[PDB]
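Visitor: I have a structure I would like to understand better, so I am pasting it below and will then ask my questions one at a time.
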C-alpha cells in the first residue's frame, strides 16, 4: 500500500493547476501535480461591467472584481515568461516555470476518490493508468483543477479528459457541492464535424449567403454574447435556412471577406486548422457556386441579399464548449470540504454565472491559478491534525475493491451503450433550448441509465492499462453529473444566460436570482440533494438589469432593485463631488477581497491622457444609472 506524503496536492496539469503549483513552491511547499496528460485591453471597470452583463447577473460580483483586477498582472507575468503576447505556448511557458521551481509533475496517475475525514480533505486515492496500481497521496491541502465536464454531451469541443470525473469525485465525498451545473455554454462557431473551435471580425451566413445576425441582434450582430449567438444560429436553422451536410444542418463562417492577407497574417491559427481538418482555405473568397443562392425567400429583407458560396467558408454550428458550473467554492477557492480547493473551469467560483464572457477565455485559468493557488498555498502552511494511517489504507482498499468489482460482478451492462445514450440524451434534451416536459423525459431516461450503470461489467478483465476499465468508472461518475445538470435545469423555471427555458422565457431576478447547489450526502441517494444560494442585490456593485443584447424587456426585476439603484446613484454622486477616484467609489459600492499584490493599481499607458481629458472617473465607464439621473 503505497502512500506518498506532500504539503500541497494538485489534480490537473492544465494552466490553472500548473500556475497554482508555482504559487505553492514560492511558499516553500512540497507540491505534487497529478496531471492526466503528459508534458510536452479594456479598462477594468468596463471589463467588470462586461463580465457581469455577460454572466446575465448570475456571477458573484466580488469574484468578477477579483478577476478583472488581477487579469492585467497575469498578462504582464506571462509576457515576462516569454509568451509572445500574440498567444496572450502558454501551457509551455507555465509548465517550464513550474519545472524551474522543481514542481513534481506526475502523469498516468488518475484520481479515483478524495481522502476525507471529519469534513477535512487529506489528499486523493489514485489509480496508475499503466500498471493499475492503487496508491494514496496524503497532503495538507488538495486543489482540483481538472477542467470542465463537456464530454457529458455528445457534441463538444472538449478534449477527452474533460469528463468531469474530478467534480464527480468531489460530489461523492458527500461534502463538497456543485454549483450551477445547468449553466453550460454552447459556443456558436464549432467546426463541423470535428468540433474544433474556430473563434474575430468575420460574419455568419445561411445556406443562401445572407448575413442573418444583424436582423436578430441589431446592437451587437455577430459579437453578441456566445449564448445569444448560439440561440440565433439555431433559430435560423430551425426556419430551414441552414446548409445541408452529412452531419446535419449548419451555417457558414465567412472569414474570407477580410481579405487573404489579413487572414494569413493576423489569423494563421484558424487558417491552419481549417485546411488540416476541413480541407478548406478560409482566405479564399473565390466563388465556389451560385447554386446556393437559388430558392431564397423573397419576403425576408431583414436578412439582406444572397451571396454566392465561396470556397473559403467554414462549416460551423453551436456545440458544447465551456462548463460554467463546477465544484462550488468561496472567493478564496475553498469548497465546503475544508482543505479541498478548486480552481478554473472545474470550479463554480463563481466568475461566469450563466455565460462565460468570450474575452475571459484567454486569461481565466492563469488568473485562477494565481489567486486561488496563493490562497491554497497559505492554507497548506497552517498546522493541522493528521489523519491516521489506518484510515488511509481503508481508502486505498475501497478503490482496490471497486476495481475488482467493475471487472467481476454479475452485471451484463456494457459501459459504451450506456455512455453513448447518456450523451445523446444530454444533446437532444439538455441543450441550447430546454423545455419542462422534455427535461422531465431526459431525467427519467437518465435515472434508468443510472440504475443500469450499477450493473456495468468490464469485459476486458485486467487491472492494468485497460481503457474499458477507465471508461466504466468515468461513465458512472458522469451519470451523476448528468443528473445534477438535468435536475437543476428542470427546477430553474427561468431563462438566464445559456440556460434557456422555452416555457419560462424571461429572466427572473425576483425568484431565480440564485445559484443551484447540488450535493450527494448519502451513498443510498440516487438523485442529488438540491439547495440554493440567494444572491444579495444589496451587495451587488451593479443591480440586475438589461444585458445590452438578446431579448429586450426580458427580466422580472428583483424587488429591491430600485432601492439598490438609488443607493448606488447617491454613492457615485456624493463621492465624485468629494473628488474620489474610481477605486474609492468601487470600494464604497462593493468591497471585495483580494491579495495586496493583485489588488494593486493596474497602471495603463494612457493613464495621463485619460486623466488629462478628465475621463478617469468611475462614472465615465459605469454610467447607465447616471444617464437616467441626468435625463431628469
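Numbering (the deposited numbering), first residue to last: 1 to 40, 63 to 110, 159 to 269, 275 to 707. Ideal Cβ placement from N, Cα and C applies to all residues, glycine included.
When DSSP labels each residue in this structure, what does residue 434 get in the three-state scheme?
Guide: Reduced to three states, the DSSP call for residue 434 is helix.
Visitor: Opposite residue 279 in the DSSP bridges: which residues?
Guide: 328, per the DSSP bridge assignment.
Visitor: Can you tell me the Cα-Cα spacing of residue 772 and residue 458, whole angstroms?
Guide: The chain is shown only over 1 to 707; residue 772 falls outside these bounds and no answer can be derived.
Visitor: From what residue to what residue does the alpha helix (DSSP H) around residue 701 run?
Guide: Run containing residue 701: 699-706, per the alpha helix (DSSP H) assignment.
Visitor: With residue 416 as the anchor, note down where its beta strand (DSSP E) starts and where it stops.
Guide: Note, residue 416: beta strand (DSSP E), 415-417.
Visitor: So for residue 423, helix, strand or coil by DSSP?
Guide: Strand, per DSSP.
Visitor: Tell me where the beta strand (DSSP E) around residue 593 begins and ends.
Guide: Per DSSP, residue 593 belongs to the beta strand (DSSP E) from 589-594.
Visitor: What's the gap between the Cα of residue 499 and the Cα of residue 70?
Guide: For residue 499 and residue 70, the distance between alpha carbons rounds to 36 Å.
Visitor: If distances are taken between C-alpha atoms only, which option among 340, 412, 343 comes closest to residue 596?
Guide: Measuring from the Cα of residue 596, the nearest candidate turns out to be 412.
Visitor: Could you pull the start and end residues of the alpha helix (DSSP H) that residue 20 belongs to?
Guide: Residue 20 -> alpha helix (DSSP H) spans 15-26.
Visitor: Can you look up residue 665 in the DSSP assignment and give me helix, strand or coil?
Guide: In the structure shown, residue 665 sits in coil (DSSP, three-state: anything other than H, G, I, E or B).
Visitor: Quick one: what does DSSP say residue 313 is sitting in, helix, strand or coil?
Guide: The answer is helix: DSSP assigns residue 313 an H, G or I state.
Visitor: How would you write the range of the beta strand (DSSP E) that residue 190 sits in, first residue to last?
Guide: From DSSP, the beta strand (DSSP E) with residue 190 extends over 190-198.
Visitor: Short check: CB of residue 193 to CB of residue 185, under 8 Å?
Guide: Yes.
Visitor: Identify which residue in 440, 561, 583 has its Cα closest to the Cα of residue 570.
Guide: Here the closest residue by C-alpha is 583.
Visitor: My output table needs one value for residue 546: the three-state DSSP class, helix, strand or coil.
Guide: Of the three classes helix, strand and coil, the one that applies to residue 546 here is helix, per DSSP.
Visitor: Using the Cα positions of residue 408 and residue 417, report the straight-line distance between them to the nearest angstrom.
Guide: Near 6 Å, if we compare the C-alpha coordinates of residue 417 and residue 408.
Visitor: Return the chain-ordered ranges of every alpha helix (DSSP H) run that is complete within the region 460-505 and spans a minimum of 4 residues.
Guide: Here the runs fully enclosed are 464-482, 490-504.
Visitor: I'd like the list of long-range same chain contacts for residue 564, defined as Cβ closer than 7 Å, with 5 residues on each side in sequence excluded.
Guide: The answer, listed in chain order, is 252, 505, 509, 514, 574.
Visitor: Below 8 Å between beta carbons: does that hold for residue 31 and residue 8?
Guide: Closer than 8 Å, so yes.
Visitor: Report the partner residues of residue 180 according to the DSSP bridge assignment.
Guide: In DSSP, residue 180 forms a bridge with 197.
Visitor: Can you tell me whether residue 382 is helix, strand or coil according to DSSP?
Guide: It is coil, neither helix nor strand.
Visitor: Would you list the residues sitting across from residue 391 in a DSSP beta bridge?
Guide: BP columns for residue 391 point to 261, 326.
Visitor: Counting only the same chain and skipping the five closest in sequence on each side, list residues whose C-beta sits under 7 Å from that of residue 67.
Guide: Cβ within range, chain order: 657, 693, 696, 697.
Visitor: With C-beta atoms as the reference, is residue 562 less than 8 Å away from residue 605?
Guide: Taking 8 Å as the Cβ cut-off, residue 562 and residue 605 qualify as a contacting pair.
Visitor: Hey, out of 627, 690, 612, 110, whose CA is closest to residue 303's CA?
Guide: Closest option to residue 303, Cα to Cα, is 627.
Visitor: Three or more beta-carbon pairs under 8 Å between the region 282-297 and the region 417-427, yes or no?
Guide: Judged by Cβ distances under 8 Å, the region 282-297 makes no contact with the region 417-427, as fewer than three pairs qualify.
Visitor: Could you compute how far the alpha carbon of residue 661 sits from the alpha carbon of residue 622?
Guide: Approximately 20 Å between the Cα atoms of the pair.
Visitor: Under a three-way DSSP split, which group does residue 80 fall into?
Guide: It is coil, neither helix nor strand.
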